[PDB]
């Protein structure tokens, strides 16, 4: 994926609810640092729905590709109010950005 294109997507569609940096604040949504290779619902200090807390999957490229297409379909009951990114290539670019920015 294209990290620069992914950053733009993140800024436009995600940043208002999410920070990525280590120690970043929670906003409407949880800070995302450390997301890759961890189960759903594990950001310290964030109050998740039971739906996100108990989804029982590990985040990675494949599960983020599915989730970001349509969050409510993957996690019914989620309080992330976002319809999804419909284009597969845009999801891949965003995910490549996230794999860098949430791991720095």
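Positions refer to the first chain, counted from 1.
The deposited model assigns a higher average Cα B-factor to 75-83 than to the other stretch when 75-83 and 29-37 are compared. The PDB entry assigns residue 11 a C-alpha temperature factor belonging to the highest third of its chain's modelled residues. Among the modelled residues of the chain, residue 91 sits in the middle third by CA temperature factor in this PDB entry. Annotation for residue 63: C-alpha temperature factor in the lowest third relative to the rest of the modelled chain, per the entry.
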